[PDB]
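Chemist: my complex, first installment, coordinates as in the assembly:
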Amino acid sequence: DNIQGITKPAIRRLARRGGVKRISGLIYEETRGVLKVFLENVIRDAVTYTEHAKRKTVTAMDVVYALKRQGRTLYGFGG
Amino acid sequence: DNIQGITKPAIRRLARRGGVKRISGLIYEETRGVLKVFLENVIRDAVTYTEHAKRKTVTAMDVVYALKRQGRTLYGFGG
Amino acid sequence: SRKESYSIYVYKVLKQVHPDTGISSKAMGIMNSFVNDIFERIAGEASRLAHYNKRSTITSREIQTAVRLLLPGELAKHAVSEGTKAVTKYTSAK
């Protein structure tokens, strides 16, 4: 149950950065749920890359390759 | 000026198929404008495929290859 | 010239699943395109899978892993199977 470790205010911040002025108390849970979905979908693949390579350690590259696959490509970790 | 050839009611239909009950008189023009943008963006590439092949005629395939490129892939004309 | 297809294979499979049901030229052409896409999607993911791990040889293993990623859970499972089944059956049929 580390999902709650994503703290109410920590979300507040993210949303603030988006350009959010006011935030329903329901949001926080909703957001958590979404985040889970996101990471899961990603990591699943990311891991599945790792599973193929015969490595028990996950590399940054595995992460990227997955992010790229999931159409949310990432620069700064050497794609 | 064939853009108007896209008739008020012809749009009515499309929107109806979308699941639309009521439609601002402004929409029709808005829609036209959008459609233009779409075709243009597409055809441009579609042509540009043709331009590569050394053909003065555009094929269905050229259309598809472009639609695929533009992330609106089409089944039912091969490829 | 000879414009190839999959149209003939579709038919055999149709009759294996619904013997007493036909299909339209337009739908066939669709099914045709459907195949080529997924083929290309898989091949592609596989080609990368290979190129990522410094291999020049795409094996049955690479295909599988690709499929796992490209297909949703239940669909992939049923496929992973019908794959594995098709491999095993060929390595034993010489």
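Modeler: Thanks, I have the structure now. Numbering: from 1, shown residues only, chains lettered A, B, ... in the order given.
Chemist: Flag every residue of chain C that's near chain B.
Modeler: By CB under 8 Å from any CB of the partner chain, the residues of chain C that approach chain B are C:26, C:29-30, C:32-34, C:36-37. Where you see a C-beta, it was placed from the backbone N, CA and C, and this is true even at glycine.
Chemist: Quick check: which element contains the residue of chain A found nearest chain C?
Modeler: At 4.5 Å from chain C, residue A:52 is the closest residue in chain A, using CB to the nearest CB. Assigned by DSSP states H and E, residue A:52 falls within helix A:27-53.
Chemist: buried set for that helix?
Modeler: A:27-28, A:31-32, A:42, A:45-46, A:48-50, A:52-53 (16 or more other CB atoms under 10 Å in any protein chain shown).
Chemist: related to what we said a few turns ago, can you tell me which of the residues of chain C next to chain B are buried?
Modeler: C:29-30, C:32-33.
Chemist: Of those residues, which is the nearest to residue A:9?
Modeler: Proximity to residue A:9 was ranked across these by CB to CB; first place goes to residue C:33, at 50.2 Å.
Chemist: who touches residue C:48 in this structure?
Modeler: Shown in contact with residue C:48 (CB atoms under 8 Å, 6 or more residues apart in numbering or on different chains): residue A:65.
Chemist: brain fart, residue C:58
Modeler: With CB under 8 Å, 6+ apart, residue C:58 has these contacts: C:46-47, C:49-50.
Chemist: I'd like to know which of those residues are part of helices.
Modeler: Of the contacts of residue C:58, the ones assigned to helices by DSSP state H are C:46-47, C:49-50.
Chemist: before we move on, the earlier item: from residue B:23, how far out is the residue of chain A closest to chain C?
Modeler: Here the criterion is CB to CB, to the nearest Å. By it, residue A:52 lies 51 Å from residue B:23.
Chemist: so what's the backbone phi/psi at the residue of chain A found nearest chain B?
Modeler: Chain B sits closest to residue A:71 of chain A, with a gap of 9.3 Å, by CB to the nearest CB. Backbone torsions for residue A:71, taken as degrees, to the nearest 10, come to phi 60, psi 30.
Chemist: Any idea how many residues pack against it?
Modeler: Residue A:71 has 7 neighbours, counted by other CB atoms under 10 Å in any protein chain shown.
Chemist: and chain D, same structure:
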Amino acid sequence: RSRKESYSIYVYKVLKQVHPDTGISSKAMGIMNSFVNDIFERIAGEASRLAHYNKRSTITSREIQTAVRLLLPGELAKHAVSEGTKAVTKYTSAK
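Modeler: One more piece, chain D, placed on the ones above:
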């Protein structure tokens, strides 16, 4: 150690050609690095298809161009199509 190649050295020369009196961060460099590989791969890819679509086994300067036209927006492509064509012509004449 391994021998992980980069573009990092070329970036520098280009930086100095455009803004001599401006440096850059490891993090931004790594970014620029990734940027290159992507577009490279995007172009290569579109080109590989361009080839495979037209029953060719040889990707030429022509294929690259057509790819660029498709991948890049108008003004960007134009300025590139040029700086390409310019780089081709200049090499075929320099023997």
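Chemist: coming back round to it: does chain D sit close to the helix holding residue A:52?
Modeler: No: among the residues of helix A:27-53, none lie within reach of chain D under CB under 8 Å from any CB; the closest is 15.5 Å away.
Chemist: can you check stretch C:26-37 too?
Modeler: No: shown here: stretch C:26-37 not in contact with chain D (CB under 8 Å from any CB), separated by at least 11.8 Å.
Chemist: Please compute how far that stretch lies from its chain's middle.
Modeler: 13 Å (CA atoms, centre = their mean, to the nearest Å).
Chemist: what about the most centrally placed residue in chain C, which helix or strand?
Modeler: The centroid of chain C falls nearest to residue C:39 when counting by CA atoms, centre = their mean (5.8 Å). Assigned by DSSP H and E, residue C:39 belongs to helix C:25-52.
Chemist: near chain C, which residues of chain A show up?
Modeler: So chain A meets chain C at A:45, A:48-49, A:51-53, A:61, A:65, A:69 (CB under 8 Å from any CB).
Chemist: 10 Å - rerun?
Modeler: A:44-45, A:48-49, A:51-55, A:61-62, A:65-66, A:68-70 (CB under 10 Å from any CB of the partner chain).
Chemist: follow-up on the earlier one: quick one: work out the angle between the helix holding residue C:39 and helix D:26-53.
Modeler: For helix C:25-52 against helix D:26-53, the angle by axes from the mean of the first three to the mean of the last three CA atoms, to 10 degrees is 140 degrees.
Chemist: Give me the distance between the residue nearest to the centre of chain C and chain A.
Modeler: In this view, residue C:39 and chain A are 18 Å apart by CB to the nearest CB, to the nearest Å.
Chemist: That residue contacts residue C:66, correct?
Modeler: No: look at residue C:39 against residue C:66 with CB atoms under 10 Å: they stay out of range, at 11.2 Å.
Chemist: Pick out the residue closest to the middle of chain A.
Modeler: residue A:39 (3.8 Å).
Chemist: For the residue nearest to residue C:26 when sequence neighbours are not counted, grab the count of nearby residues.
Modeler: Spatial nearest neighbour of residue C:26, excluding adjacent residues (CB to CB, 6 or more residues apart in numbering or on different chains): residue B:76 at 6.1 Å. Using other CB under 10 Å, residue B:76 is surrounded by 16 other residues.
Chemist: then add chain E to what we have above:
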Amino acid sequence: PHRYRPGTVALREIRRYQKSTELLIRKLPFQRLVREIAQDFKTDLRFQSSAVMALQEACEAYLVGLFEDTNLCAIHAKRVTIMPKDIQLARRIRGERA
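Modeler: One more chain to add, chain E, which I have set with the ones above:
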């Protein structure tokens, strides 16, 4: 006379068009439009009568596809009429502009 209340028809019109698959834009006007735009990029161009339809297909299905989302926007605003700002919003989120 006898006259159905505003909407009730549309609602029918939807059931009808939802159920059918025919192309809803008139073939020629479109065909012509395609060519008119063709000229802008190169002249003396011919099109496969299949290529034409091919386009028409994706356009309608796209426009329909938009209107689907479009309406969901108008609805979210407690409304029932779609207004430019709905399409605009949709297209933004979609990523067709900014």
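Chemist: and the contacts of residue C:58, now that chain E is in?
Modeler: C:43, C:46-47, C:49-51, C:66 (CB atoms under 10 Å, 6 or more residues apart in numbering or on different chains).
Chemist: Any chance of JSON lines for those residues, columns neighbour count?
Modeler: What follows is the contacts of residue C:58, written out as JSON lines (neighbours: other CB atoms under 10 Å in any protein chain shown):
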{"residue": "C:43", "neighbour count": "13"}
{"residue": "C:46", "neighbour count": "20"}
{"residue": "C:47", "neighbour count": "14"}
{"residue": "C:49", "neighbour count": "23"}
{"residue": "C:50", "neighbour count": "16"}
{"residue": "C:51", "neighbour count": "11"}
{"residue": "C:66", "neighbour count": "23"}
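Chemist: okay, the residues you listed in CSV with distance to residue A:10 next?
Modeler: Putting those into CSV (distance: CB to CB, whole Å) gives the following:
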residue, distance to residue A:10
C:43, 42
C:46, 40
C:47, 40
C:49, 36
C:50, 40
C:51, 38
C:66, 36
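Chemist: The residues you listed: which ones sit near chain E?
Modeler: Answer for the contacts of residue C:58 near chain E: none qualify (CB under 10 Å from any CB).
Chemist: on that earlier part again, the residue nearest to the centre of chain A reaches residue A:45, doesn't it?
Modeler: No: Residue A:39 is beyond contact range of residue A:45, at 11.1 Å (criterion: CB under 10 Å).
Chemist: Flag every buried residue along stretch E:64-78.
Modeler: In stretch E:64-78, counting by 16+ other CB under 10 Å, buried: E:64-67, E:69-71, E:73-74.
Chemist: Show me what residue of chain E gets nearest to chain A.
Modeler: residue E:95 (10.8 Å).
Chemist: Enumerate every residue touching residue 40.
Modeler: This is for chain A. Per CB under 10 Å, 6+ apart, neighbours of residue A:40: none.
Chemist: Switch to chain E, please.
Modeler: B:40, B:43-44, B:47.
Chemist: mind listing what the nearest residue to residue A:28 once chain neighbours are set aside touches?
Modeler: In this structure, residue A:28 finds its nearest non-sequential neighbour in residue A:8, 5.1 Å apart by CB to CB, 6+ apart. Taking CB under 10 Å, 6+ apart, we find residue A:8 in contact with A:23, A:25, A:27-29, A:31-32.
Chemist: I appreciate the help and will end here.
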